[PDB]
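Novice: This is the structure I have questions about; it appears just below.
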Amino acid sequence: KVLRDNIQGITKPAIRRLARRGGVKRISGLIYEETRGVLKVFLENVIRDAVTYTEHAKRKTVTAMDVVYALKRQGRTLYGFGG
Amino acid sequence: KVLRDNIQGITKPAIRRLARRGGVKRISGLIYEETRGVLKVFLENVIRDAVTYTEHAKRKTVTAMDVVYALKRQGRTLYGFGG
Amino acid sequence: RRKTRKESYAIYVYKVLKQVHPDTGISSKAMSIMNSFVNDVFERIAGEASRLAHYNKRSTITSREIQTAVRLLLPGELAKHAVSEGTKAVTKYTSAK
Amino acid sequence: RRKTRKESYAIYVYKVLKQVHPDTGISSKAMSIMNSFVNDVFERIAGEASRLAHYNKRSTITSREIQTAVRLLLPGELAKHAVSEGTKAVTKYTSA
Amino acid sequence: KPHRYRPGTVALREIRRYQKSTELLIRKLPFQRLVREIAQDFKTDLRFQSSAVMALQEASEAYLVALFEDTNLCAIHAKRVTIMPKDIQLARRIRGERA
Amino acid sequence: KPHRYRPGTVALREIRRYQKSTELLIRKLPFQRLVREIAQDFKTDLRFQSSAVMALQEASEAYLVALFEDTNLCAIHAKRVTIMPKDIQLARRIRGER
Amino acid sequence: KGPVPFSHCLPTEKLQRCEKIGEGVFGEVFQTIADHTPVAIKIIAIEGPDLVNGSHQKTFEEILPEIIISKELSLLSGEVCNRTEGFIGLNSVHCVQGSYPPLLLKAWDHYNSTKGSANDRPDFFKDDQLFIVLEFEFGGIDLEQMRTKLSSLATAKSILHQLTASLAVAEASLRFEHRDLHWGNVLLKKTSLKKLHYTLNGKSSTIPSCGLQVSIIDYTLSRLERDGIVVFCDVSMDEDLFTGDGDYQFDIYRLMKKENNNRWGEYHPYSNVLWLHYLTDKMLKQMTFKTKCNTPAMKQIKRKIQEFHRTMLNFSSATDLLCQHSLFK
Amino acid sequence: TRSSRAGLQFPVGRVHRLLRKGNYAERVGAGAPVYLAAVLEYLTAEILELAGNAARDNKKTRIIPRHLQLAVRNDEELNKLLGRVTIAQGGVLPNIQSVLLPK
Amino acid sequence: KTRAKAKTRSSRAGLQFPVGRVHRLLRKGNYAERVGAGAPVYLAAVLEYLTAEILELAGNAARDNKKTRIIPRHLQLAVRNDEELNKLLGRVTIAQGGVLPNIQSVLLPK
DNA sequence: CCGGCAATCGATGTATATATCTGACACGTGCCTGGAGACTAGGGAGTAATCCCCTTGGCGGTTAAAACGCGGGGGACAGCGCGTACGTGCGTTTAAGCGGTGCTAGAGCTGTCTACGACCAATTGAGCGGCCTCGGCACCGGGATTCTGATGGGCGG
DNA sequence: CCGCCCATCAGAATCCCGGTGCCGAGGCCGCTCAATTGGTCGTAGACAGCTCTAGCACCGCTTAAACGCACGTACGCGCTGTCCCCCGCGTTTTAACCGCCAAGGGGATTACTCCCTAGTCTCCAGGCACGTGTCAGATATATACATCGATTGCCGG
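Protein chains in written order, with my numbering: chain A, 1 to 83; chain B, 1001 to 1083; chain C, 2001 to 2097; chain D, 3001 to 3096; chain E, 4001 to 4099; chain F, 5001 to 5098; chain G, 6001 to 6329; chain H, 7001 to 7103; chain I, 8001 to 8110.
If you want it as structure tokens, here you go:
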């Protein structure tokens, strides 16, 4: 479709900020590609589960409840949204 | 009668055999104490859970199904011993 | 038109907070987090009790199952105080029923 | 007093094994392992279906819940073939 | 000659600054575009609620921060200061996510 | 002129041998004594079935083997061929066990 | 006849209960408690050829139009054909001889040390100087000091509704013109009347007060006519006021200089709507409300207020706005 | 009311109703809701007290999710209980390795 | 006749796993208030398919080792050598199973 | 005239072929309890119609963040030498393993009967949802303060 | 003659107040319906008694494994030198964010059938416990076969 190559929107300074919050002092020049890959895999899994959940209910809109249920099924509980 | 000093029964050759099955070629001289501590902690947790399970049922004998239930609760499902 | 009502634990959480800290407020997001925490703990304990009742071939849930589930699910220091509080509440309820 | 009776899945597993490999046997420990495997998978699928039914405010379990639970639990190609099998079975049961 | 800090000071300042705040560290529109693009593969003409995207962002950021912490530990274990892809691979292998 | 093998050959032979069989590698009586001694701190005058002891032994051996595999990976990562306690500590920390 | 002493109207006990409020070229307005009721004493020097606050004092006959207008507007509240309770009613009026009591000077000193005063000291007045003492009801505090504790725009809609009703009633009664309306002349007070009642040209109507009563002060330059006799203070010579700049009031002043071609003896009710326009500009750019605009009902209310502010100028008088405009129908 | 006889603040009838129609068991005893309500109230009180202490430390009179995260992560038992839980708008605990510090 | 001959539901569905037993287990398991009429057939079909796959792989592994009987070692070899099966049974321990032979290349002699 | 590279040579542990012997596995039989056939009552689920809230799309301004270039200092990486901790083998000591013998504490099953939980009808007060105030809380702007990093200036064995 | 210490200077980091903008408590009504009170009634489980399986204790004899010691070498660790490659700072270009405004698509609510599932009674066939052989695998013996470590034997600069 029209939406393509949006993985490049995760800029290098954003990854640097995440690393700084994680507590990293020096970063090599080949980390951004690996970070993009792992983020893509994680998002793919979560979104697939959420879309299955929204498909079972005969709806056309993905809600926060579906995301929460998918995350809980994956083993990562999330507090603050619905519940 | 009361038992004491039985952690020394896990001899050094047994730990060496377990390491060899794990795929290790050389072993330092201070691994045995750490291995004994880890084994003690693991056994303590499992045995505590099993004893609680057997105490709820108003029994005086620990059965295999109690151990299986404790292992499943811990997240280490085991196949073969019934259940 | 009035929407369908929704149940939560806000009132009781606020009552407990006023009991502990008489001059402290709370924000909406914190209240939502507390609601989620209460629901999660309730579900865990209820599921453990149901499994315990099923293991022993019984068809009823009593306070013994709840006590054993609390003993299994919580660490020791929290478990002791929770057991004491539950036993005291049950004794007080039964005495003046 | 009279001894109680115990139920298992040994005969069905033996029938399937004779269907797949008509000249192979099995031991007792392997039978126990297969029994445990079947019980575990049954429990997983049933629990997932029950949760799905409770989420949508329903009071019955149908084949849709089982299909969705199978899709959610089984990974990759293992799901696809499995789903097909189930569908076929239901259709046959409707014919008779 | 203009003032210049030594390499390593501003990094520590940023480490101390970003460990006290709570706001998100990724822009919203690019993340929304990425989420929609990924989701278009499973079903055509989908719609989203704002809370769903917000929750996805929160979960992703938490996961990435934890992974970076583990990677830093792995890099320190090997007598080094910089983090390299081998550390990420080892952390993911031990965690059990990768085969 | 006695015959002597170089350091490393017998280790590889043992690695190959112990990765092919399936028996238990710990003596049974000391393990049973240790299990009873540990259990006596939670209740007094307890009795066990042999199946319980066998299940505990199997689970313990599997856990130890997996831990040793992870330790070997960590030791290899740091340009070494000898395992050290720091490798075990790092593996346990990353796995999530305190 | 003859002036009365200070103890005749403001004795010592109600002299010590006192607090200062306001000052000006004419005199000073000042708070006290009398008859178990908070009242305002307004003191103007008269018959004094002495330079005070940059100018000398006029005679009693110059003040006479002001008191005429004051008691006429007070009786307007007691009128049957056109009744409105949103105005200020007098208590009495008297003449005082002597010098300023020391308590007044000490209150002025406290006010200057706390709030600051741009007027001269009142202590040079002689013991034979003549003053006029006037009594007002306590109408509350001014709109200027109250600008940052208002609840929501509903209170606005209410206070505009009430002031427009009051001006329309006054126009229908005696053809009254104020010709001065700044956001420091509106007094609001807390009342328990949820729904207030009034009469316009013989028809009964009501205003939702939102638990708030309003008033506006008397005007020294206000113009009206009774039975063909016109009461108005000529302002054609004080062009300094209309040549100012810095905010909208001077713009309104030049508009009221231009629309009536300096013939102020006639009646021009149109400039009142621009006076209200000034207040609308103030409310949309000079006040803070305590309620967020998230709810769409009050959002559309605000948009309606905005289009009123934009489109009011095509009417002819406040009565037209009251009887035709969408916010008022 | 049942909750008043037990001296509790959490509801007892609501807990009983939620237990009775959640597909847990065929029958539910008359003592389980009281025990469950007491346990839930105790845990809530403990967490709230810790969070309020953390909030008062930071010179504020209201509790926000940062305070809840600080209270939970600084206690061993609560941290062990919520070992796989993520709180929105939480942040992380300040911690820097000693090797990275300047000489 | 008053009644016809009894026909099992499995025969009508053309399966080998029991359908009535699965229906009874679903009903007396505290899962939902009611149980439909098509769920047991689906569950039985899925379970039979999975069992057949595992048994096929295990039998091949046993035939490789020159034996005519399946033992837990063969089951472990079958499970650990397939990606999907290994992912499904990722946290399960099989008694008397063993490990997959594997040595790191660095440890090998030059 | 050596440091090497290949080619043997001996020794050791592992894989392979053949004959006996056993106990675990593959069927046969009887019986009973759980599943199938037939029928009825009612309520959970499917469908159609309607309302309106939330999602998608568009436009303009401003400005904070991303992108690019460059000099240089500190860190990654390879090479080398030294010392001792760990691997391999031999002789001697220890306790696991196996085969019986005996005893009894406790798991498992059955029959009675009483109390505790399910269900129903009439009453009513707790809890939630609209509309409205508002007193203080968090927020920013300024200024001041402080504290830390990067620097040059020296006495000395 | 190699320095390793001290006193100054700049620039972030944090404190104090003053003025603004909203939010989380509170109040009212108005319900709605879910919880409380007072009864009946059928059965789940507590309790007592009995049977007998398996868990525990002891003893004797073999042989394999654990233990202690000697010796040598390969691996871990510290030191030095070189070069690339990220870090800090300045300038210019891109699009994110905020505010506002319509359009309508689909989620949520109400009313009305009606077909699918629970419950009951009767009957018999599938599956489980028990009992018997016989052959796949375990054991013992002998026999090659691949591989490791040392020695020889020429060989080109």
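Where is the CB? At the ideal position from N, CA and C, for every residue including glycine.
Might you give, ordered along the chain, the residues of its own chain that have their beta carbon closer than 8 Å to the beta carbon of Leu5024 of chain F, omitting 5 neighbours on each side?
Specialist: Only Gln5057, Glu5058, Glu5061 meet the Cβ criterion.
Novice: Near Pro6049 of chain G, what residues of its chain come up, given a Cβ to Cβ distance below 8 Å and the 5 sequence neighbours on each side ignored?
Specialist: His6056, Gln6057.
Novice: Give every residue of the same chain whose Cβ lies closer than 6 Å to the Cβ of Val6169 of chain G, excluding the five residues on either side of it in the sequence, and list them in chain order.
Specialist: Hits under 6 Å: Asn6082, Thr6084, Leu6200.
Novice: What are the start and end residues of the beta strand (DSSP E) that includes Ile6207 of chain G?
Specialist: It spans 6203–6208 - the beta strand (DSSP E) in which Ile6207 of chain G sits, taken as one unbroken run.
Novice: Since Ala7088 of chain H meets chain E, which of its residues come closer than 7 Å, beta carbon to beta carbon?
Specialist: Near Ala7088 of chain H (Cβ distances below 7 Å), the residues of chain E are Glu4058.
Novice: Can you tell me where the beta strand (DSSP E) with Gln8 of chain A in it begins and where it stops?
Specialist: Neither: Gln8 of chain A is in no beta strand (DSSP E) and is coded neither H nor E.
Novice: Taking Cβ-Cβ distances below 9 Å as the criterion, which residues of the region 5077–5094 of chain F are in contact with chain E?
Specialist: Here the close residues are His5077, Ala5078, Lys5079, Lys5086, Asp5087, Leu5090, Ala5091, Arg5093, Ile5094.
Novice: At a cut of 8 Å, does the region 6151–6166 of chain G reach the region 6103–6111 of chain G through at least three beta carbon pairs?
Specialist: Verdict: no, contact absent.
Novice: Using beta-carbon positions only, say whether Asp6142 of chain G and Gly6184 of chain G come within less than 8 Å of one another.
Specialist: Against a cut-off of 8 Å, the Cβ pair of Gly6184 of chain G and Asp6142 of chain G comes out as a contact.
Novice: Between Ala7038 of chain H and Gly80 of chain A, is the Cβ-Cβ spacing less than 8 Å?
Specialist: No, the Cβ-Cβ distance between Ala7038 of chain H and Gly80 of chain A is not below 8 Å.
Novice: How should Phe5068 of chain F be labelled, buried or exposed, when 16 other C-beta atoms within 10 angstroms of its C-beta is the threshold for buried?
Specialist: Its Cβ being crowded by 16 or more others within 10 Å, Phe5068 of chain F is buried.
Novice: Less than 8 Å separating the beta-carbons of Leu5034 of chain F and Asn1006 of chain B?
Specialist: Contact: yes.
Novice: Using a Cβ-Cβ distance cut-off of 8 Å, determine whether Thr1077 of chain B contacts chain D.
Specialist: Taking Cβ atoms only, chain D reaches closer than 8 Å to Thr1077 of chain B, which makes this a yes.
Novice: Residues of chain E with a CB under 8 Å from the CB of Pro7011 of chain H: which are they?
Specialist: Neighbours of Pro7011 of chain H on chain E: none; closest Cβ ~28 Å, over 8 Å.
Novice: I think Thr6037 of chain G touches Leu6010 of chain G, with their Cβ atoms under 8 Å apart; what is that distance to the nearest whole Å?
Specialist: So it is not a contact: roughly 14 Å between Cβ atoms.
Novice: Give the straight-line distance between the Cα atoms of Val3038 of chain D and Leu7081 of chain H, rounded to the nearest whole angstrom.
Specialist: Rounded to whole angstroms, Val3038 of chain D to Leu7081 of chain H spans 32 Å at the Cα level.
Novice: Given a limit of 9 Å on CB to CB distance, which residues of the region 5027–5042 of chain F reach chain B?
Specialist: Flagged, chain order: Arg5027, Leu5029, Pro5030, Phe5031, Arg5033, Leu5034, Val5035, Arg5036, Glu5037, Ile5038, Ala5039, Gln5040, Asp5041, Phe5042.
Novice: Give me the Cβ distance between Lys4020 of chain E and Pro7065 of chain H, rounded to the nearest whole Å; I'm assuming they're in contact under 8 Å.
Specialist: The Cβ separation is near 14 Å, so there is no contact.
Novice: Please report the straight-line C-alpha distance between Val8092 of chain I and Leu1071 of chain B, rounded to a whole angstrom.
Specialist: Each residue's alpha carbon lies about 11 Å from the other.
Novice: If you compare alpha carbons, which of C:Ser2028, C:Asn2035, C:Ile2066, C:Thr2091 is closest to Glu2007 of chain C?
Specialist: Checked all of C:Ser2028, C:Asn2035, C:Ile2066, C:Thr2091; the closest Cα to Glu2007 of chain C is C:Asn2035.
Novice: With 8 Å set as the bound, which would you pick, yes or no: does the beta-carbon of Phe3037 of chain D sit closer than that to a beta-carbon of chain B?
Specialist: Taking Cβ atoms only, chain B reaches closer than 8 Å to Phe3037 of chain D, which makes this a yes.
Novice: Hey, how far is the Cα of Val8041 of chain I from the Cα of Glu3048 of chain D?
Specialist: If I take the Cα positions, the gap works out to 17 Å.
Novice: Could you check whether the region 7020–7034 of chain H touches the region 7044–7055 of chain H, counting it as contact only if at least three pairs of C-beta atoms, one from each stretch, sit closer than 8 Å?
Specialist: With the cut-off at 8 Å, the region 7020–7034 of chain H and the region 7044–7055 of chain H do not touch.
Novice: Mind pulling the chain B residues with CB within less than 8 Å of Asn8102 of chain I?
Specialist: Simply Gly1023.
Novice: Along the chain, where does the beta strand (DSSP E) containing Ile6046 of chain G start, and where does it finish?
Specialist: Its beta strand (DSSP E) spans residues 6037–6046.
Novice: I think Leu6073 of chain G touches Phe6136 of chain G, with their Cβ atoms under 8 Å apart; what is that distance to the nearest whole Å?
Specialist: Actually they are not in contact, since the Cβ atoms of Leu6073 of chain G and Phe6136 of chain G sit about 12 Å apart, beyond 8 Å.
Novice: The ligand GDP and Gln8104 of chain I: does the residue's C-beta get closer than 7 Å to at least one heavy atom of that ligand?
Specialist: The ligand GDP is not part of this structure, which contains no ligands at all.
Novice: Would you mind telling me which residues of chain A sit closer than 7 Å to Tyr4018 of chain E, beta carbon to beta carbon, in chain order?
Specialist: Going along chain A in sequence order, the residues near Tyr4018 of chain E (Cβ under 7 Å) are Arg17, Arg20, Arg21.
Novice: If we count the other Cβ atoms within 10 Å of its Cβ and call it buried at 16 or more, is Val6133 of chain G buried or exposed?
Specialist: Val6133 of chain G comes out buried.
Novice: DSSP three-state call for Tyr6219 of chain G: helix, strand or coil?
Specialist: Correct three-state label for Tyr6219 of chain G: coil.
Novice: At a cut of 8 Å, does the region 2066–2079 of chain C reach the region 8006–8019 of chain I through at least three beta carbon pairs?
Specialist: In short, these stretches do not touch, since the Cβ pair count stays below three.
Novice: Near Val1062 of chain B, what residues of its chain come up, given a Cβ to Cβ distance below 8 Å and the 5 sequence neighbours on each side ignored?
Specialist: So the list reads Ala1050, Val1051, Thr1054, once near-sequence residues are dropped.
Novice: Is it the case that the Cβ atoms of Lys6304 of chain G and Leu6327 of chain G are separated by a distance below 8 Å?
Specialist: Closer than 8 Å, so yes.
Novice: Apart from the five residues on each side of it in sequence, which residues of its chain come closer than 6 Å, Cβ to Cβ, to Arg4092 of chain E?
Specialist: Excluding sequence neighbours, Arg4092 of chain E sits near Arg4098.
Novice: Give a yes or no on whether the C-beta atoms belonging to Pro6065 of chain G and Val6235 of chain G are separated by under 8 Å.
Specialist: No; because the gap between Cβ atoms is not below 8 Å, this pair is not in contact.
Novice: Would you check if there are 3 or more beta carbon pairs closer than 8 Å linking the region 6270–6290 of chain G to the region 6175–6182 of chain G?
Specialist: In short, these stretches touch, since the Cβ pair count reaches three.
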